[PDB]
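Student: I'd like to ask some things about the structure below.
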Amino acid sequence: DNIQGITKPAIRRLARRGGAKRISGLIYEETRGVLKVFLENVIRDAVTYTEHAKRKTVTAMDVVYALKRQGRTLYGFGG
Amino acid sequence: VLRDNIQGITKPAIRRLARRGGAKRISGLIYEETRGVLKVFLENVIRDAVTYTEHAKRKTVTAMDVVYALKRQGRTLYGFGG
Amino acid sequence: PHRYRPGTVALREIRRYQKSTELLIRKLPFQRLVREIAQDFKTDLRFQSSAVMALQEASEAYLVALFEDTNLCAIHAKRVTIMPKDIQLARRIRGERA
Amino acid sequence: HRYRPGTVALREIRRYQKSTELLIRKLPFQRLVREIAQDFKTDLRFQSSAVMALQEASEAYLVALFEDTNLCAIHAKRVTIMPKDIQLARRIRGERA
Amino acid sequence: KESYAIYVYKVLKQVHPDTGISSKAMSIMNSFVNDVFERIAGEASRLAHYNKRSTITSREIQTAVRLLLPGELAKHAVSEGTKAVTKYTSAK
Amino acid sequence: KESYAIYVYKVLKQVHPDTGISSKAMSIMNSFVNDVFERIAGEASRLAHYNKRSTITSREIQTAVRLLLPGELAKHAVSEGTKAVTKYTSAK
Amino acid sequence: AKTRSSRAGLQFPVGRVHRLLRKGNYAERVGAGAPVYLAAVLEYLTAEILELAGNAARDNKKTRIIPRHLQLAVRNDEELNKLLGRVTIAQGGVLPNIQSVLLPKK
Amino acid sequence: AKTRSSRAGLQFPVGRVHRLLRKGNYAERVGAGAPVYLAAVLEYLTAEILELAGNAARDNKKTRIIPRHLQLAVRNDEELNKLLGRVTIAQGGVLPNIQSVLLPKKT
DNA sequence: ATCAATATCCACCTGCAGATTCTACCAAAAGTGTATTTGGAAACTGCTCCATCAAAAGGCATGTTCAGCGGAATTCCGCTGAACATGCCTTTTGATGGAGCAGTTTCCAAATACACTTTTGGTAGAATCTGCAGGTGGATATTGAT
DNA sequence: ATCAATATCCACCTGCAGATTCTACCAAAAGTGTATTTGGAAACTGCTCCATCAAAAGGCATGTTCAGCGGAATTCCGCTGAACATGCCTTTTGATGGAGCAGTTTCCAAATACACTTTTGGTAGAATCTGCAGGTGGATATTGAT
């Protein structure tokens, strides 16, 4: 049950960097839900690239390639 | 009478577009806002197409030059080749 | 002396146009606009008919969709009248302004 | 002494907009990755950098999403972001249009 | 000027024997086949590169399909494809 | 494992002589170069196919650059590119 | 001789797909099954859209499938819709849809 | 023997880039001018971003450019920002930016 | 506007980790130099199909009337921010075993490389054919007034 | 509820624009048969680094209290867009030179391919360096109560 590790305080900090001044009480569960779908989709592809390489280890490159497929190119980890 | 080209894209037409888009009531200011948007849209696409044109040393923009441009803008279009 | 109430015909138009597929902008005027915009990129150009057509199909498709997001934004604000602030918001969230 | 509601909020915005550390606790995030992954494929290992790459993208995405959300609330003449706003932004973004 | 039209047409007859298709519609299916072909080819292409392989095999097409198509559509696409490679290999 | 680091560093020293760059930052710059390289090469690749050409020349690279980069960046990338080719074209 | 499409038991041109993979510069080499598999996937998807586009025509009492019939077929199917989420089908129109709040207050 | 980079008056490696163009399979063949031109564009661009990076560095009293500096440089420049409109620079943060309606008082 | 509680700003300071810097080894590159191949500019030209012009045709501009929508003003409940007390779980510094990714040699199934023969999918010009789009008629529903 | 006005639906009709089906010419495929090459998998395994266990302590999450004020429901009015019928300028639709789009033939500058030679960009290892994180204090903003 780890989606709860995404605490209310952290989700708040994130909204802050995002420039939000006041946060509804329902935001938190919604955000956890939004984040879970993001991760599932990024991991599904990453892990797909891992398998194709017949590896048991998901590598940063696997994540960098998955992010690129999804239109969310990431700079900094070899990609 | 003599008006301007973007103005050629008329309110009745813009209203029709908005309708297919499901808009029930249209503010008076929408029409000019739209023209402006449509112009930025065409410039972006045509700029890319004419670039494909010159590259192939032609003087005629081809439906494929437009399809290839649309595809770059992530605005893929089926039906005109490609 | 008959008269339909505000909105009655509009809705009727929505129903009509969401049913059909013809282009809703007049061909010639569009063609002029396309050529005028192009003249700014390279002079003395020619356009296959199919190219101008393709462009119109794309443009209407784009605008119709933008009007949809725009209508959603108008609604978000508890209105039923799309305004520029609405096209503006939509285009920013789409990344066209971002 | 007590600051009026919203003053600290603004203080926090300036604070976090000025910095770059991730804002989600590391270990908890790692567990969420491992859980979602295991549900896709059992017996999997992660290079530490792979987990960090996923965290950098996630928060980058979530922060971008809140700005849009914030703009949607304000579009509603409100200053409080609510679920319906997150939802209007993803529908427009195309994550469920 | 090659096109997938005739094969498109064949497929149409196995599915709806008594149904026809206009030009513009045939032209849309053609755009559709090319588009998917290019998307799958491309992803297979990268797949190989990431793994420093020189060959795009049926394995690459498969993973590409998994990555490109939606869940159920993928499930079938994958079987259909596996079936074609098998029947092909099992035949003189 | 090759990277563009040394070259990034040389250019860094040319513009800001007394500034360094941290490791993570250099990593990012390295991602930047590979990214733009791929995008440009890719545009080139298609451009060539679109014209039934099997050779990617300084010219495909140029049009790709015009399609990919914004206003002034493109305007200048092309000058520097042209410049570099003319000079190389005259050195031998 | 017997065509590869026949052996693979497909309507789509395996020979052409193979050719198109080579001339496309997707890789140095191309295995023998790749064009088979690929061709098989393109036939299947083609069958899916025509199948639905077809039902779309019968539902409108028409026998000849037109663009409208492809648009109504694609956007009314979650997966095909996602697969073509960034594709405009010319002469397709849109699906009939009016936000509730816009309907006359009965 | 003079490197093609020097013949071309460039700092970026003309050969490495000609080589990568081959290995990436973009065409049957790659003309000689292509890598010279592409290395220049890559060089011209890294210079541009580094110019802006170093400034941000200077602006924050730092001598060593770090991610935040690259981000600030990219997001504050219309063109680079567009060129990287769908790129995420790890550890870069966001630009300080607070919507007006959120600031207190009036006037 | 004066005043006190707090946060913000910031130049000074030095331990520590991450950054710059030699020393030598190098096989992987990148370069220099014949031999062979050919991709595509370059000029010539026939045939579309694009631009232009004139008349068969169908929609847009315009003014007025008012109903109903958007937003200003008012109001009140309650939910969300700020502050505080408490305590646990993240993180941090280290160490260890072993998994599995990654280097290296070996060798065969499979892929490139012509060369030759067969068949097939595209184009072209001719004639035949038909799914359906509008046009009509009459019935029935919807809307708006009373 | 009661018509009156219009929009909307449907069953049928039928002309023709566009879809079908025939034929022949054919280069470009695509299949086949042989000779040669090679990518990458199997087998052995060196060695990075991932998982994981332990301990420590304090950065932070959790949970509660309390009320300031933002959200949202309601009333109200002015004004802005919708409907509409009046009338005309524009667009549209069908017909005719010519300008480029391509199809072809040529032949050279330029791109492989192959064999050496030599120069460079990684890096493994140990060593000295240096920018700045993080701690500190105290002087200057910022807030909010009165």
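Here, A, B, ... name the chains of the structure tokens in the order displayed, residue numbers run from 1 inside each chain, and ligands are numbered from 1 in the same displayed order.
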Residues at most 9 Å from residue C:5, counting only C-alpha atoms (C1' of nucleotides), excluding those fewer than 5 positions away in the same chain, as a list in words?
Tutor: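 Counting only C-alpha atoms (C1' of nucleotides), the residues come to residues 67 and 144 of chain I; 82 and 83 of chain J.
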Student: Taking the DSSP secondary structure from the backbone, can you list the residues of stretch 12-75 of chain A that are helix (DSSP H, G or I), as a PyMOL selection string?
Tutor: chain A and resi 12-17+27-52+60-69
Student: Show me, as number ranges by chain, the residues of chain H whose atoms get within 10 Å of chain A, using only C-alpha atoms for the distance check.
Tutor: H: 67, 84-91, 93-99, 102-103
Student: Residues of chain F that approach chain H to 8 Å or less, counting only C-alpha atoms: could you list each one with the shortest pair of atoms and its distance in Å to one decimal, rows by chain and increasing residue number, as JSON lines?
Tutor:
{"residue": "F:7", "atom": "CA", "partner": "H:12", "partner_atom": "CA", "distance": 5.7}
{"residue": "F:8", "atom": "CA", "partner": "H:46", "partner_atom": "CA", "distance": 7.0}
{"residue": "F:10", "atom": "CA", "partner": "H:11", "partner_atom": "CA", "distance": 7.3}
{"residue": "F:11", "atom": "CA", "partner": "H:47", "partner_atom": "CA", "distance": 6.1}
{"residue": "F:12", "atom": "CA", "partner": "H:50", "partner_atom": "CA", "distance": 6.3}
{"residue": "F:15", "atom": "CA", "partner": "H:51", "partner_atom": "CA", "distance": 6.2}
{"residue": "F:16", "atom": "CA", "partner": "H:54", "partner_atom": "CA", "distance": 6.4}
{"residue": "F:18", "atom": "CA", "partner": "H:63", "partner_atom": "CA", "distance": 7.3}
{"residue": "F:19", "atom": "CA", "partner": "H:63", "partner_atom": "CA", "distance": 5.1}
{"residue": "F:20", "atom": "CA", "partner": "H:64", "partner_atom": "CA", "distance": 4.4}
{"residue": "F:21", "atom": "CA", "partner": "H:65", "partner_atom": "CA", "distance": 4.5}
{"residue": "F:22", "atom": "CA", "partner": "H:66", "partner_atom": "CA", "distance": 5.6}
{"residue": "F:24", "atom": "CA", "partner": "H:67", "partner_atom": "CA", "distance": 6.9}
{"residue": "F:25", "atom": "CA", "partner": "H:66", "partner_atom": "CA", "distance": 5.0}
{"residue": "F:28", "atom": "CA", "partner": "H:89", "partner_atom": "CA", "distance": 7.0}
{"residue": "F:29", "atom": "CA", "partner": "H:46", "partner_atom": "CA", "distance": 7.5}
{"residue": "F:33", "atom": "CA", "partner": "H:42", "partner_atom": "CA", "distance": 6.4}
{"residue": "F:36", "atom": "CA", "partner": "H:42", "partner_atom": "CA", "distance": 7.5}
{"residue": "F:37", "atom": "CA", "partner": "H:42", "partner_atom": "CA", "distance": 7.2}
{"residue": "F:41", "atom": "CA", "partner": "H:26", "partner_atom": "CA", "distance": 6.9}
{"residue": "F:42", "atom": "CA", "partner": "H:26", "partner_atom": "CA", "distance": 6.8}
{"residue": "F:44", "atom": "CA", "partner": "H:26", "partner_atom": "CA", "distance": 7.5}
{"residue": "F:45", "atom": "CA", "partner": "H:26", "partner_atom": "CA", "distance": 4.7}
{"residue": "F:48", "atom": "CA", "partner": "H:27", "partner_atom": "CA", "distance": 7.4}
{"residue": "F:54", "atom": "CA", "partner": "H:28", "partner_atom": "CA", "distance": 5.1}
{"residue": "F:55", "atom": "CA", "partner": "H:29", "partner_atom": "CA", "distance": 4.6}
{"residue": "F:56", "atom": "CA", "partner": "H:30", "partner_atom": "CA", "distance": 4.9}
{"residue": "F:57", "atom": "CA", "partner": "H:31", "partner_atom": "CA", "distance": 4.8}
{"residue": "F:58", "atom": "CA", "partner": "H:34", "partner_atom": "CA", "distance": 3.9}
{"residue": "F:59", "atom": "CA", "partner": "H:34", "partner_atom": "CA", "distance": 7.5}
{"residue": "F:60", "atom": "CA", "partner": "H:34", "partner_atom": "CA", "distance": 7.9}
{"residue": "F:61", "atom": "CA", "partner": "H:34", "partner_atom": "CA", "distance": 6.2}
{"residue": "F:62", "atom": "CA", "partner": "H:37", "partner_atom": "CA", "distance": 7.7}
{"residue": "F:68", "atom": "CA", "partner": "H:83", "partner_atom": "CA", "distance": 7.8}
{"residue": "F:69", "atom": "CA", "partner": "H:83", "partner_atom": "CA", "distance": 6.4}
{"residue": "F:70", "atom": "CA", "partner": "H:79", "partner_atom": "CA", "distance": 5.7}
{"residue": "F:71", "atom": "CA", "partner": "H:79", "partner_atom": "CA", "distance": 7.2}
{"residue": "F:72", "atom": "CA", "partner": "H:79", "partner_atom": "CA", "distance": 7.6}
{"residue": "F:73", "atom": "CA", "partner": "H:79", "partner_atom": "CA", "distance": 6.9}
{"residue": "F:77", "atom": "CA", "partner": "H:41", "partner_atom": "CA", "distance": 5.0}
{"residue": "F:78", "atom": "CA", "partner": "H:41", "partner_atom": "CA", "distance": 7.3}
{"residue": "F:80", "atom": "CA", "partner": "H:40", "partner_atom": "CA", "distance": 6.0}
{"residue": "F:81", "atom": "CA", "partner": "H:37", "partner_atom": "CA", "distance": 4.4}
{"residue": "F:82", "atom": "CA", "partner": "H:37", "partner_atom": "CA", "distance": 6.7}
{"residue": "F:84", "atom": "CA", "partner": "H:8", "partner_atom": "CA", "distance": 5.2}
{"residue": "F:85", "atom": "CA", "partner": "H:36", "partner_atom": "CA", "distance": 6.0}
{"residue": "F:87", "atom": "CA", "partner": "H:8", "partner_atom": "CA", "distance": 5.6}
{"residue": "F:88", "atom": "CA", "partner": "H:8", "partner_atom": "CA", "distance": 4.3}
{"residue": "F:91", "atom": "CA", "partner": "H:7", "partner_atom": "CA", "distance": 5.8}
Student: What are the residues of chain J that have an atom within 12 Å of an atom of chain B, counting only C-alpha atoms (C1' of nucleotides), as an NGL selection string?
Tutor: :J and (80-82 or 88-91 or 99-102)
Student: Excluding same-chain residues fewer than 4 positions from stretch 7-10 of chain I, what lies within 8 Å of it counting only C-alpha atoms (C1' of nucleotides), as an mmCIF file with N, CA, C and O atoms (P, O5', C5', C4', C3', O3' and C1' of nucleotides), in the first residue's frame?
Tutor:
data_model
loop_
_atom_site.group_PDB
_atom_site.id
_atom_site.type_symbol
_atom_site.label_atom_id
_atom_site.label_comp_id
_atom_site.auth_asym_id
_atom_site.auth_seq_id
_atom_site.Cartn_x
_atom_site.Cartn_y
_atom_site.Cartn_z
ATOM 1 P P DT J 140 20.818 48.030 9.556
ATOM 2 O "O5'" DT J 140 19.947 47.146 8.558
ATOM 3 C "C5'" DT J 140 20.547 46.594 7.382
ATOM 4 C "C4'" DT J 140 19.482 46.102 6.428
ATOM 5 C "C3'" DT J 140 18.315 47.068 6.201
ATOM 6 O "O3'" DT J 140 17.915 47.008 4.827
ATOM 7 C "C1'" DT J 140 17.499 45.046 7.128
ATOM 8 P P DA J 141 16.544 47.694 4.351
ATOM 9 O "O5'" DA J 141 15.453 46.708 4.937
ATOM 10 C "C5'" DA J 141 14.152 46.691 4.390
ATOM 11 C "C4'" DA J 141 13.871 45.364 3.728
ATOM 12 C "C3'" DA J 141 12.379 45.269 3.471
ATOM 13 O "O3'" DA J 141 12.038 44.530 2.317
ATOM 14 C "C1'" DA J 141 13.006 43.713 5.170
ATOM 15 P P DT J 142 10.482 44.432 1.921
ATOM 16 O "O5'" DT J 142 9.834 43.597 3.115
ATOM 17 C "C5'" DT J 142 10.053 42.198 3.204
ATOM 18 C "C4'" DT J 142 8.944 41.548 3.993
ATOM 19 C "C3'" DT J 142 7.524 42.053 3.723
ATOM 20 O "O3'" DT J 142 6.670 40.905 3.674
ATOM 21 C "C1'" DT J 142 7.959 42.138 6.023
#
Student: Taking only C-alpha atoms into account, what are the residues of chain B at most 7 Å from chain C, put as a count of residues only?
Tutor: 30
Student: Least-squares superposition of chain E on chain F, every Cα paired in order: what RMSD, in Å?
Tutor: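 That comparison of chain F with chain E gives 0.3 Å.
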Student: Taking only C-alpha atoms (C1' of nucleotides) into account, report as an MDAnalysis selection string which residues of chain J lie within 12 Å of chain G.
Tutor: chainID J and resid 18:19 28:32 38:39
Student: For the selection you just gave me, I'd like the residues written to a file as a PDB file, in the first residue's frame, keeping C-alpha atoms (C1' of nucleotides).
Tutor:
ATOM      1  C1'  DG J  18     -18.307   8.150 -59.026  1.00  0.00           C
ATOM      2  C1'  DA J  19     -17.444   3.054 -58.291  1.00  0.00           C
ATOM      3  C1'  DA J  28       9.115  -3.723 -61.735  1.00  0.00           C
ATOM      4  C1'  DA J  29       8.500  -6.679 -58.482  1.00  0.00           C
ATOM      5  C1'  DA J  30       8.879 -10.926 -56.088  1.00  0.00           C
ATOM      6  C1'  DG J  31      10.134 -15.854 -56.136  1.00  0.00           C
ATOM      7  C1'  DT J  32      13.967 -19.154 -56.791  1.00  0.00           C
ATOM      8  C1'  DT J  38      28.494 -12.471 -40.765  1.00  0.00           C
ATOM      9  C1'  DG J  39      25.590 -11.065 -36.896  1.00  0.00           C
TER      10       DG J  39
END
Student: When you get a sec, could you note down which chain G residues fall within 8 Å of chain E, using only C-alpha atoms, as a ChimeraX atom specification?
Tutor: /G:4,7-13,21,26-47,50-51,54,63-67,70,79-80,82-83,89-90
Student: Store the residues picked out above in a file with N, CA and C atoms, as a compact mmCIF listing (two decimals), in the first residue's frame.
Tutor:
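Below is the file that was written, out.txt:
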# COMPACT_ATOMS: atom_id res chain seq x y z
N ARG G 4 4.94 -15.44 -50.48
CA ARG G 4 5.09 -15.51 -49.04
C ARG G 4 3.76 -15.22 -48.33
N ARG G 7 1.83 -18.35 -48.05
CA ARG G 7 2.39 -19.26 -47.06
C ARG G 7 2.00 -18.75 -45.67
N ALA G 8 2.15 -17.45 -45.46
CA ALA G 8 1.83 -16.85 -44.17
C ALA G 8 0.32 -16.85 -43.99
N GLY G 9 -0.37 -17.06 -45.11
CA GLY G 9 -1.82 -17.10 -45.10
C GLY G 9 -2.41 -15.73 -44.88
N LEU G 10 -1.85 -14.73 -45.55
CA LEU G 10 -2.29 -13.36 -45.41
C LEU G 10 -2.76 -12.74 -46.71
N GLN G 11 -3.56 -11.69 -46.61
CA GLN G 11 -4.03 -10.98 -47.78
C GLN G 11 -2.98 -9.91 -48.12
N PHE G 12 -2.38 -9.33 -47.08
CA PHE G 12 -1.37 -8.28 -47.24
C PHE G 12 -0.09 -8.80 -47.88
N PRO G 13 0.57 -7.96 -48.69
CA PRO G 13 1.80 -8.26 -49.41
C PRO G 13 3.09 -8.30 -48.60
N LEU G 21 10.66 -2.35 -45.62
CA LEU G 21 11.47 -2.29 -44.41
C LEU G 21 12.92 -2.01 -44.74
N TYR G 26 15.76 1.25 -41.53
CA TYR G 26 15.29 1.09 -40.18
C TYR G 26 16.36 0.29 -39.46
N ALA G 27 17.20 -0.38 -40.25
CA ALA G 27 18.30 -1.19 -39.73
C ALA G 27 19.13 -1.77 -40.87
N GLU G 28 20.34 -2.23 -40.55
CA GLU G 28 21.25 -2.82 -41.54
C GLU G 28 20.63 -4.06 -42.17
N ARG G 29 20.11 -4.95 -41.32
CA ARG G 29 19.51 -6.19 -41.78
C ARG G 29 18.07 -6.37 -41.38
N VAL G 30 17.36 -7.24 -42.09
CA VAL G 30 15.98 -7.47 -41.76
C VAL G 30 15.67 -8.94 -41.81
N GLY G 31 15.38 -9.54 -40.65
CA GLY G 31 15.04 -10.95 -40.59
C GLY G 31 13.90 -11.31 -41.52
N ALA G 32 13.71 -12.60 -41.75
CA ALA G 32 12.68 -13.06 -42.66
C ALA G 32 11.26 -13.01 -42.13
N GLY G 33 11.10 -13.14 -40.82
CA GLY G 33 9.77 -13.13 -40.24
C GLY G 33 9.22 -11.75 -39.97
N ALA G 34 10.12 -10.79 -39.78
CA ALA G 34 9.73 -9.41 -39.49
C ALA G 34 8.68 -8.92 -40.47
N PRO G 35 8.95 -9.03 -41.78
CA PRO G 35 7.94 -8.55 -42.74
C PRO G 35 6.70 -9.41 -42.70
N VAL G 36 6.85 -10.65 -42.28
CA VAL G 36 5.69 -11.53 -42.17
C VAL G 36 4.80 -11.03 -41.04
N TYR G 37 5.42 -10.93 -39.86
CA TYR G 37 4.75 -10.46 -38.65
C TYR G 37 4.15 -9.08 -38.86
N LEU G 38 4.97 -8.19 -39.41
CA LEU G 38 4.54 -6.84 -39.62
C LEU G 38 3.33 -6.84 -40.49
N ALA G 39 3.42 -7.52 -41.62
CA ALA G 39 2.30 -7.59 -42.56
C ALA G 39 1.05 -8.16 -41.89
N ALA G 40 1.24 -9.14 -41.03
CA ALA G 40 0.12 -9.75 -40.33
C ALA G 40 -0.55 -8.76 -39.41
N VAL G 41 0.23 -7.86 -38.80
CA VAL G 41 -0.33 -6.88 -37.88
C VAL G 41 -1.08 -5.79 -38.61
N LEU G 42 -0.66 -5.49 -39.82
CA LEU G 42 -1.30 -4.45 -40.60
C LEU G 42 -2.61 -4.93 -41.19
N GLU G 43 -2.69 -6.24 -41.42
CA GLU G 43 -3.90 -6.81 -41.98
C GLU G 43 -4.92 -6.80 -40.87
N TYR G 44 -4.52 -7.33 -39.74
CA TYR G 44 -5.41 -7.39 -38.58
C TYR G 44 -6.01 -6.02 -38.20
N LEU G 45 -5.18 -4.98 -38.13
CA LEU G 45 -5.69 -3.67 -37.77
C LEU G 45 -6.63 -3.19 -38.84
N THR G 46 -6.25 -3.41 -40.10
CA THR G 46 -7.08 -3.03 -41.24
C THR G 46 -8.44 -3.72 -41.11
N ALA G 47 -8.44 -4.96 -40.66
CA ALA G 47 -9.69 -5.70 -40.52
C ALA G 47 -10.54 -5.11 -39.42
N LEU G 50 -12.14 -1.71 -40.74
CA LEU G 50 -13.15 -1.94 -41.76
C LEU G 50 -14.35 -2.62 -41.14
N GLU G 51 -14.10 -3.58 -40.26
CA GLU G 51 -15.18 -4.29 -39.58
C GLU G 51 -16.14 -3.30 -38.93
N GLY G 54 -17.65 -0.72 -41.28
CA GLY G 54 -18.71 -1.44 -41.94
C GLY G 54 -20.00 -1.35 -41.13
N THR G 63 -24.44 1.12 -47.97
CA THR G 63 -23.60 -0.04 -48.26
C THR G 63 -22.14 0.29 -48.53
N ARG G 64 -21.89 1.52 -48.97
CA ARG G 64 -20.54 1.95 -49.27
C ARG G 64 -19.96 2.76 -48.12
N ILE G 65 -18.86 2.25 -47.56
CA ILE G 65 -18.17 2.91 -46.45
C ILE G 65 -17.51 4.21 -46.92
N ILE G 66 -17.78 5.28 -46.19
CA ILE G 66 -17.22 6.59 -46.50
C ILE G 66 -16.41 7.09 -45.28
N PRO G 67 -15.70 8.22 -45.42
CA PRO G 67 -14.91 8.74 -44.29
C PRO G 67 -15.71 8.84 -42.99
N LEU G 70 -15.62 5.92 -41.16
CA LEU G 70 -14.37 5.53 -40.53
C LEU G 70 -14.21 6.36 -39.25
N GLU G 79 -9.86 1.94 -27.75
CA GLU G 79 -8.52 1.64 -28.24
C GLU G 79 -8.18 2.26 -29.59
N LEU G 80 -9.00 2.06 -30.61
CA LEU G 80 -8.65 2.65 -31.89
C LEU G 80 -8.55 4.16 -31.70
N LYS G 82 -7.58 5.77 -29.03
CA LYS G 82 -6.29 6.12 -28.46
C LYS G 82 -5.23 5.99 -29.54
N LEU G 83 -5.23 4.86 -30.26
CA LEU G 83 -4.24 4.65 -31.31
C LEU G 83 -4.23 5.75 -32.34
N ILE G 89 -8.98 12.44 -39.61
CA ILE G 89 -9.48 11.71 -40.77
C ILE G 89 -10.26 12.72 -41.58
N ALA G 90 -9.76 13.09 -42.76
CA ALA G 90 -10.47 14.07 -43.58
C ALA G 90 -11.91 13.66 -43.83
Student: For the atom pair atom CA of residue D:11 and atom CA of residue D:67, what is the interatomic distance in Å to one decimal place?
Tutor: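 Atom-to-atom, atom CA of residue D:11 to atom CA of residue D:67, that is 16.9 Å.
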Student: Please identify all residues of chain F having at least one atom at most 7 Å from any atom of chain B, considering only C-alpha atoms, and return them as a PyMOL selection string.
Tutor: chain F and resi 51+63+67
